[PDB]
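For reference, the structure discussed in these notes is given below.
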Amino acid sequence: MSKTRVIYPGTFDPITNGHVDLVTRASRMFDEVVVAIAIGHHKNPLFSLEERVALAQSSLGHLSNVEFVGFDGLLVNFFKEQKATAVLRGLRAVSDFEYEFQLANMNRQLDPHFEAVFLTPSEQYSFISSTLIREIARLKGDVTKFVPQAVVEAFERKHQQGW
Ligand SMILES: CC(C)(COP(=O)(O)OP(=O)(O)OC[C@H]1O[C@@H](n2cnc3c(N)ncnc32)[C@H](O)[C@@H]1OP(=O)(O)O)[C@@H](O)C(=O)NCCC(=O)NCCS
């Protein structure tokens, strides 16, 4: 009867309705869910860590078993420090299934306790990529159908500088 705690890592740059669906499904099946935002120092996210955490808190903060934290370093060290039972990842028709096996199997070799669980989002999110959403917003299209309203406003406010 001990508690389950799953980590859901990603760059969440920005959070999308697909991610929302996923976390909502995970929060129904596990006792605690950690939205783990990889800081992305060598990798350059469009939105800062503070913006990405805050956008995630506004979409998901009404679920009381979901926490929000930024991390860097190795996923397996974070997993250990957090006392996690597993890491969750999203699998979609558009997923690199073989890349997920690779991450799961390498991380198990770094830490034999590591465990990975996969959820599959509602089919209507099956085809949304964060890359395409950034590209649509960058070319001034409308992203309302793909992301929460707070993210739509964040793209205007990003645009209210040069962008
Ligand atoms: C952070 C980490 C989990 C990477 O996960 P990932 O599979 O690349 O997915 P992301 O972290 O990129 O999170 C969402 C992203 O996936 C895609 N994505 C996945 N599910 C999505 C959804 N439901 N809706 C929209 N986009 C989605 C997007 O294109 C987006 O990528 P982008 O912003 O880089 O374009 C992994 O890099 C990591 O663990 N890093 C820490 C370092 C480490 O331990 N490395 C060694 C492991 S052996």
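To be explicit about the labels: the chains of the structure tokens are called A, B, and onward in the order shown, and within each one the residues are counted from 1, while ligands get numbers from 1 in the order they are shown.
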
Review point. Near stretch 150-160 of chain A, within 10 Å and counting only C-alpha atoms, which residues show up once chain neighbours fewer than 6 positions away are dropped, as an NGL selection string?
Key: :A and (13-16 or 46-47 or 51-52 or 54-56 or 58-59 or 134 or 137-138 or 140 or 142-144)

Selection within 8 Å of ligand 1 by only C-alpha atoms and all ligand atoms, output as a compact mmCIF listing (two decimals) with N, CA and C atoms, in the first residue's frame:
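Ended up saving to out.txt:
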# COMPACT_ATOMS: atom_id res chain seq x y z
N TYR A 8 7.18 12.97 -15.09
CA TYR A 8 6.87 13.22 -16.49
C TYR A 8 7.81 14.31 -17.00
N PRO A 9 9.00 13.95 -17.53
CA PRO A 9 9.93 14.89 -18.02
C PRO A 9 9.67 15.30 -19.44
N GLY A 10 10.16 16.48 -19.81
CA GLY A 10 10.01 17.09 -21.11
C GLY A 10 10.60 18.54 -21.04
N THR A 11 10.69 19.13 -22.20
CA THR A 11 11.09 20.49 -22.34
C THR A 11 9.82 21.36 -22.25
N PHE A 12 8.60 20.88 -22.59
CA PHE A 12 7.33 21.63 -22.41
C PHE A 12 7.49 23.11 -22.86
N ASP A 13 7.76 23.25 -24.13
CA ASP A 13 8.19 24.43 -24.77
C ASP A 13 7.38 24.81 -25.94
N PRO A 14 6.13 25.15 -25.77
CA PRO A 14 5.39 25.22 -24.56
C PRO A 14 4.50 24.01 -24.33
N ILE A 15 3.88 23.95 -23.19
CA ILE A 15 2.92 22.92 -22.91
C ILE A 15 1.78 22.99 -23.93
N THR A 16 1.29 21.82 -24.37
CA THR A 16 0.18 21.70 -25.34
C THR A 16 -0.98 20.91 -24.74
N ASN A 17 -2.08 20.94 -25.47
CA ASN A 17 -3.29 20.18 -25.02
C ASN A 17 -3.04 18.70 -24.94
N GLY A 18 -2.11 18.20 -25.76
CA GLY A 18 -1.71 16.80 -25.64
C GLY A 18 -1.05 16.51 -24.33
N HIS A 19 -0.13 17.38 -23.93
CA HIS A 19 0.45 17.20 -22.62
C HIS A 19 -0.55 17.29 -21.49
N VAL A 20 -1.47 18.22 -21.59
CA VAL A 20 -2.51 18.32 -20.61
C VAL A 20 -3.30 17.01 -20.41
N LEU A 22 -2.41 13.95 -21.14
CA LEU A 22 -1.55 13.02 -20.53
C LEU A 22 -1.37 13.08 -19.09
N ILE A 37 10.37 19.75 -15.81
CA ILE A 37 10.77 20.61 -16.99
C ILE A 37 12.24 20.67 -17.09
N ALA A 38 12.75 20.08 -18.17
CA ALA A 38 14.20 19.99 -18.36
C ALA A 38 14.63 21.43 -18.72
N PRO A 45 15.64 26.54 -25.35
CA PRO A 45 14.14 26.59 -25.51
C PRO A 45 13.67 28.00 -25.88
N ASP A 72 17.85 19.84 -14.20
CA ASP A 72 18.90 19.60 -15.17
C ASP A 72 19.74 18.43 -14.71
N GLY A 73 20.79 18.14 -15.44
CA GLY A 73 21.54 16.91 -15.14
C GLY A 73 20.86 15.70 -15.77
N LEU A 74 21.27 14.55 -15.28
CA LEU A 74 20.77 13.25 -15.76
C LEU A 74 19.35 12.97 -15.24
N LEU A 75 18.48 12.55 -16.14
CA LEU A 75 17.18 12.02 -15.67
C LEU A 75 17.30 10.98 -14.59
N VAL A 76 18.26 10.09 -14.66
CA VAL A 76 18.30 9.04 -13.63
C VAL A 76 18.67 9.57 -12.28
N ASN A 77 19.50 10.63 -12.21
CA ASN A 77 19.75 11.26 -10.88
C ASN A 77 18.55 11.98 -10.32
N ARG A 89 6.13 8.58 -20.08
CA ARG A 89 6.26 9.22 -21.37
C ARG A 89 5.09 8.92 -22.23
N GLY A 90 4.88 9.82 -23.17
CA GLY A 90 3.72 9.85 -24.04
C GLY A 90 4.09 9.11 -25.28
N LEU A 91 3.25 8.23 -25.74
CA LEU A 91 3.50 7.56 -27.03
C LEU A 91 2.33 7.88 -27.91
N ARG A 92 2.65 8.32 -29.12
CA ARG A 92 1.69 8.78 -30.14
C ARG A 92 2.08 8.15 -31.46
N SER A 95 5.22 9.15 -32.48
CA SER A 95 6.43 8.93 -31.63
C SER A 95 7.52 8.04 -32.35
N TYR A 99 13.36 5.34 -30.31
CA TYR A 99 14.11 6.26 -29.39
C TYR A 99 13.70 6.10 -27.93
N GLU A 100 12.45 5.76 -27.69
CA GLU A 100 11.97 5.52 -26.36
C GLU A 100 12.49 4.28 -25.79
N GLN A 102 15.38 3.06 -26.52
CA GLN A 102 16.75 3.40 -26.33
C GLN A 102 16.96 4.17 -25.02
N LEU A 103 16.13 5.17 -24.78
CA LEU A 103 16.23 5.90 -23.53
C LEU A 103 15.90 4.95 -22.40
N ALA A 104 14.83 4.16 -22.52
CA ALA A 104 14.46 3.34 -21.38
C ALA A 104 15.59 2.34 -21.06
N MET A 106 18.89 2.40 -21.92
CA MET A 106 20.08 3.05 -21.39
C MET A 106 19.90 3.50 -19.98
N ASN A 107 18.78 4.09 -19.63
CA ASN A 107 18.61 4.52 -18.26
C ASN A 107 18.56 3.34 -17.30
N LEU A 110 21.99 2.60 -16.54
CA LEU A 110 22.59 3.51 -15.60
C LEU A 110 22.03 3.22 -14.16
N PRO A 121 -2.22 9.40 -25.71
CA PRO A 121 -3.12 10.54 -25.43
C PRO A 121 -4.40 10.25 -26.28
N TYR A 125 -5.26 14.34 -30.17
CA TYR A 125 -3.93 14.94 -29.97
C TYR A 125 -2.80 14.16 -30.60
N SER A 126 -3.17 13.19 -31.37
CA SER A 126 -2.25 12.24 -31.87
C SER A 126 -1.21 12.92 -32.81
N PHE A 127 -1.59 14.02 -33.46
CA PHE A 127 -0.79 14.61 -34.50
C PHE A 127 -0.22 15.98 -34.18
N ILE A 128 -0.40 16.53 -32.98
CA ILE A 128 0.18 17.82 -32.67
C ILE A 128 1.67 17.75 -32.24
N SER A 129 2.60 18.40 -32.96
CA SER A 129 4.02 18.61 -32.44
C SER A 129 4.25 20.02 -31.98
N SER A 130 4.80 20.16 -30.79
CA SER A 130 5.33 21.38 -30.25
C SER A 130 6.19 22.24 -31.30
N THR A 131 6.98 21.62 -32.16
CA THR A 131 7.73 22.23 -33.16
C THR A 131 6.84 22.90 -34.14
N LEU A 132 5.80 22.21 -34.60
CA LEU A 132 4.88 22.81 -35.50
C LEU A 132 4.07 23.93 -34.86
N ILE A 133 3.73 23.81 -33.59
CA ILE A 133 3.01 24.83 -32.91
C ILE A 133 3.88 26.11 -32.88

Check your understanding: Got a sec to tell me which of chain A DSSP assigns to strand (DSSP E), as a PyMOL selection string?
Key -> chain A and resi 5-10+32-38+66-71+86-90+116-119

Dump of N, CA and C atoms for the selected residues, as a PDB file, in the first residue's frame:
ATOM      1  N   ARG A   5       4.731   7.595  -7.261  1.00  0.00           N
ATOM      2  CA  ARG A   5       5.204   8.886  -7.688  1.00  0.00           C
ATOM      3  C   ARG A   5       5.862   8.777  -9.030  1.00  0.00           C
ATOM      4  N   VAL A   6       5.238   9.363 -10.028  1.00  0.00           N
ATOM      5  CA  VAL A   6       5.800   9.313 -11.383  1.00  0.00           C
ATOM      6  C   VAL A   6       6.236  10.691 -11.805  1.00  0.00           C
ATOM      7  N   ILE A   7       7.345  10.710 -12.525  1.00  0.00           N
ATOM      8  CA  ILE A   7       7.970  11.877 -13.115  1.00  0.00           C
ATOM      9  C   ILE A   7       7.611  11.851 -14.581  1.00  0.00           C
ATOM     10  N   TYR A   8       7.179  12.971 -15.092  1.00  0.00           N
ATOM     11  CA  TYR A   8       6.866  13.215 -16.491  1.00  0.00           C
ATOM     12  C   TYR A   8       7.814  14.312 -17.004  1.00  0.00           C
ATOM     13  N   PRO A   9       9.002  13.947 -17.531  1.00  0.00           N
ATOM     14  CA  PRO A   9       9.930  14.890 -18.019  1.00  0.00           C
ATOM     15  C   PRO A   9       9.670  15.297 -19.438  1.00  0.00           C
ATOM     16  N   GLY A  10      10.160  16.485 -19.806  1.00  0.00           N
ATOM     17  CA  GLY A  10      10.010  17.094 -21.105  1.00  0.00           C
ATOM     18  C   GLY A  10      10.599  18.539 -21.035  1.00  0.00           C
ATOM     19  N   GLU A  32       1.046  10.542  -6.928  1.00  0.00           N
ATOM     20  CA  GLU A  32       1.688  11.861  -7.237  1.00  0.00           C
ATOM     21  C   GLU A  32       2.243  11.919  -8.655  1.00  0.00           C
ATOM     22  N   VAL A  33       2.124  13.065  -9.320  1.00  0.00           N
ATOM     23  CA  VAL A  33       2.672  13.244 -10.664  1.00  0.00           C
ATOM     24  C   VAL A  33       3.557  14.512 -10.623  1.00  0.00           C
ATOM     25  N   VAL A  34       4.823  14.372 -11.033  1.00  0.00           N
ATOM     26  CA  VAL A  34       5.782  15.491 -11.151  1.00  0.00           C
ATOM     27  C   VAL A  34       6.008  15.918 -12.566  1.00  0.00           C
ATOM     28  N   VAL A  35       5.527  17.094 -12.965  1.00  0.00           N
ATOM     29  CA  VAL A  35       5.801  17.697 -14.305  1.00  0.00           C
ATOM     30  C   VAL A  35       7.187  18.248 -14.180  1.00  0.00           C
ATOM     31  N   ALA A  36       8.135  17.554 -14.798  1.00  0.00           N
ATOM     32  CA  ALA A  36       9.593  17.805 -14.677  1.00  0.00           C
ATOM     33  C   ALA A  36      10.109  18.476 -15.912  1.00  0.00           C
ATOM     34  N   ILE A  37      10.374  19.746 -15.810  1.00  0.00           N
ATOM     35  CA  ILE A  37      10.768  20.606 -16.985  1.00  0.00           C
ATOM     36  C   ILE A  37      12.241  20.671 -17.091  1.00  0.00           C
ATOM     37  N   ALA A  38      12.751  20.084 -18.167  1.00  0.00           N
ATOM     38  CA  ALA A  38      14.197  19.994 -18.357  1.00  0.00           C
ATOM     39  C   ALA A  38      14.625  21.430 -18.723  1.00  0.00           C
ATOM     40  N   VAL A  66      -0.398  17.021  -8.595  1.00  0.00           N
ATOM     41  CA  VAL A  66       0.561  17.302  -9.644  1.00  0.00           C
ATOM     42  C   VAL A  66       1.440  18.466  -9.159  1.00  0.00           C
ATOM     43  N   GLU A  67       2.735  18.273  -9.237  1.00  0.00           N
ATOM     44  CA  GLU A  67       3.752  19.166  -8.864  1.00  0.00           C
ATOM     45  C   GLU A  67       4.554  19.581 -10.091  1.00  0.00           C
ATOM     46  N   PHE A  68       5.277  20.700  -9.969  1.00  0.00           N
ATOM     47  CA  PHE A  68       5.946  21.336 -11.153  1.00  0.00           C
ATOM     48  C   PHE A  68       7.335  21.718 -10.762  1.00  0.00           C
ATOM     49  N   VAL A  69       8.342  21.190 -11.428  1.00  0.00           N
ATOM     50  CA  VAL A  69       9.698  21.467 -11.058  1.00  0.00           C
ATOM     51  C   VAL A  69      10.612  21.378 -12.291  1.00  0.00           C
ATOM     52  N   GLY A  70      11.598  22.242 -12.314  1.00  0.00           N
ATOM     53  CA  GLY A  70      12.633  22.371 -13.298  1.00  0.00           C
ATOM     54  C   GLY A  70      13.756  21.483 -12.856  1.00  0.00           C
ATOM     55  N   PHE A  71      14.458  20.876 -13.831  1.00  0.00           N
ATOM     56  CA  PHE A  71      15.638  20.052 -13.506  1.00  0.00           C
ATOM     57  C   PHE A  71      16.611  20.118 -14.588  1.00  0.00           C
ATOM     58  N   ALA A  86       8.288   5.652 -11.238  1.00  0.00           N
ATOM     59  CA  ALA A  86       8.563   5.494 -12.668  1.00  0.00           C
ATOM     60  C   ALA A  86       8.653   6.853 -13.278  1.00  0.00           C
ATOM     61  N   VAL A  87       9.064   6.846 -14.495  1.00  0.00           N
ATOM     62  CA  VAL A  87       8.997   7.910 -15.445  1.00  0.00           C
ATOM     63  C   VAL A  87       7.972   7.661 -16.499  1.00  0.00           C
ATOM     64  N   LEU A  88       7.118   8.591 -16.666  1.00  0.00           N
ATOM     65  CA  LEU A  88       6.075   8.522 -17.681  1.00  0.00           C
ATOM     66  C   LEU A  88       6.480   9.179 -18.944  1.00  0.00           C
ATOM     67  N   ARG A  89       6.134   8.581 -20.085  1.00  0.00           N
ATOM     68  CA  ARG A  89       6.257   9.217 -21.374  1.00  0.00           C
ATOM     69  C   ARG A  89       5.092   8.923 -22.235  1.00  0.00           C
ATOM     70  N   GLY A  90       4.876   9.823 -23.172  1.00  0.00           N
ATOM     71  CA  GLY A  90       3.718   9.853 -24.039  1.00  0.00           C
ATOM     72  C   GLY A  90       4.088   9.112 -25.277  1.00  0.00           C
ATOM     73  N   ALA A 116      10.106   2.759 -16.762  1.00  0.00           N
ATOM     74  CA  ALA A 116       9.394   3.636 -17.686  1.00  0.00           C
ATOM     75  C   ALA A 116       7.984   3.134 -17.949  1.00  0.00           C
ATOM     76  N   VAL A 117       7.008   4.027 -17.948  1.00  0.00           N
ATOM     77  CA  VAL A 117       5.607   3.653 -18.262  1.00  0.00           C
ATOM     78  C   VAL A 117       5.163   4.561 -19.333  1.00  0.00           C
ATOM     79  N   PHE A 118       4.336   4.070 -20.215  1.00  0.00           N
ATOM     80  CA  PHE A 118       3.897   4.847 -21.376  1.00  0.00           C
ATOM     81  C   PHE A 118       2.383   4.943 -21.367  1.00  0.00           C
ATOM     82  N   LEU A 119       1.913   6.156 -21.702  1.00  0.00           N
ATOM     83  CA  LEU A 119       0.464   6.445 -21.884  1.00  0.00           C
ATOM     84  C   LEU A 119       0.299   6.982 -23.216  1.00  0.00           C
TER      85      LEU A 119
END

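The closest residue to residue A:135, picked from A:41, A:122, A:109, A:163 and counting only C-alpha atoms, is A:163.
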
Review point. At what distance in Å, to one decimal, does atom CA of residue A:4 lie from atom CA of residue A:80?
Key: 13.7 Å

Review point. Any idea what the distance is between atom CA of residue A:23 and atom CA of residue A:44?
Key: 24.2 Å
